[PDB]
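Chemist: Have a look at this one.
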Amino acid sequence: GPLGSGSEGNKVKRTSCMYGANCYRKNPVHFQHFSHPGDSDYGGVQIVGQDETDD
Ligand SMILES: Nc1ncnc2c1ncn2[C@@H]1O[C@H](CO)[C@@H](O)[C@H]1O[C@H]1O[C@H](CO)[C@@H](O)[C@H]1O
Ligand SMILES: [Zn+2]
């Protein structure tokens, strides 16, 4: 089962990044391989402020 074919330029549902909410690194091609919170294709939703923001 060979793999290794994930490349999204700017028109596909990119995979959320390992730390999209805090992705400290930033490259010109990394944004195409991983999506991030704040973009139209983000899709990670890993418990980011469930319901504790009432202050
Ligand atoms: N908040 C945050 N954003 C991105 N990457 C992050 C992170 N918190 C931790 N990491 C990565 O996980 C390990 C800790 O187990 C760190 O060393 C980070 O690894 C990064 O290092 C690579 C480049 O040196 C990156 O590709 C990423 O894996
Ligand atoms: Zn990232």
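Each chain in the structure tokens gets a letter, A, B and so on, in the order shown; residues start at 1 in every chain, and ligands are counted from 1 in the order they appear.
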Would you pick out the contacts of stretch 13-18 of chain A at 9 Å or less, using only C-alpha atoms, so that residues sharing its chain but fewer than 6 positions from it are not included, and give the list as a list in words?

Modeler: residues 6, 7, 31, 32, 33, 34, 35, 36, 37, 40, 41, 42, 43, 44 and 45 of chain A

Chemist: Can you write out the residues you just picked, keeping C-alpha atoms, as a PDB file, in the first residue's frame?

Modeler:
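Ended up saving to result-v3.pdb:
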```pdb
ATOM      1  CA  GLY A   6      -1.249  15.063  -0.895  1.00  0.00           C
ATOM      2  CA  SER A   7      -0.848  18.448  -2.677  1.00  0.00           C
ATOM      3  CA  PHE A  31       0.264  26.273   3.552  1.00  0.00           C
ATOM      4  CA  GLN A  32      -0.658  24.186   0.439  1.00  0.00           C
ATOM      5  CA  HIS A  33      -0.055  20.807   2.209  1.00  0.00           C
ATOM      6  CA  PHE A  34      -1.769  21.692   5.554  1.00  0.00           C
ATOM      7  CA  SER A  35      -4.825  23.925   6.223  1.00  0.00           C
ATOM      8  CA  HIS A  36      -5.100  26.332   9.176  1.00  0.00           C
ATOM      9  CA  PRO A  37      -7.845  27.891  11.315  1.00  0.00           C
ATOM     10  CA  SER A  40     -12.089  28.668   4.022  1.00  0.00           C
ATOM     11  CA  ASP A  41     -10.698  25.075   3.814  1.00  0.00           C
ATOM     12  CA  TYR A  42      -9.724  24.617   7.537  1.00  0.00           C
ATOM     13  CA  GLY A  43     -11.164  21.309   8.832  1.00  0.00           C
ATOM     14  CA  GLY A  44      -9.311  20.267  12.003  1.00  0.00           C
ATOM     15  CA  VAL A  45     -11.565  21.521  14.840  1.00  0.00           C
TER      16      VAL A  45
END
```

Chemist: Set the cut-off to 9 Å, count only C-alpha atoms and all ligand atoms, and list whatever residues fall near ligand 1 as a PyMOL selection string.

Modeler: chain A and resi 17-26

Chemist: Could you pull out the strand (DSSP E or B) residues of chain A, going by DSSP on the backbone, and write them as a compact mmCIF listing (two decimals) with C-alpha atoms, in the first residue's frame?

Modeler:
```txt
# COMPACT_ATOMS: atom_id res chain seq x y z
CA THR A 15 -5.90 18.71 5.96
CA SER A 16 -5.78 20.76 9.24
CA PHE A 34 -1.77 21.69 5.55
CA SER A 35 -4.83 23.92 6.22
```

Chemist: What parts of chain A does DSSP call helix (DSSP H, G or I)? I'd like the answer as an NGL selection string.

Modeler: :A and (20-22 or 30-33)

Chemist: Would you work out the distance separating atom CA of residue A:48 from atom CA of residue A:9, expressed in Å to one decimal?

Modeler: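 These two atoms are separated by 25.8 Å.
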
Chemist: Just to confirm, what's the straight-line distance from atom CA of residue A:4 to atom 1 (Zn, counted along the ligand's line) of ligand 2 in Å (one decimal)?

Modeler: 17.7 Å

Chemist: For ligand 2, which residue out of A:27, A:53, A:5, A:10 is the nearest one, using only C-alpha atoms and all ligand atoms?

Modeler: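 Closest candidate: A:27.
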
Chemist: Which one is closest to ligand 2: A:52, A:30, A:38, A:2? Count only C-alpha atoms and all ligand atoms.

Modeler: A:30
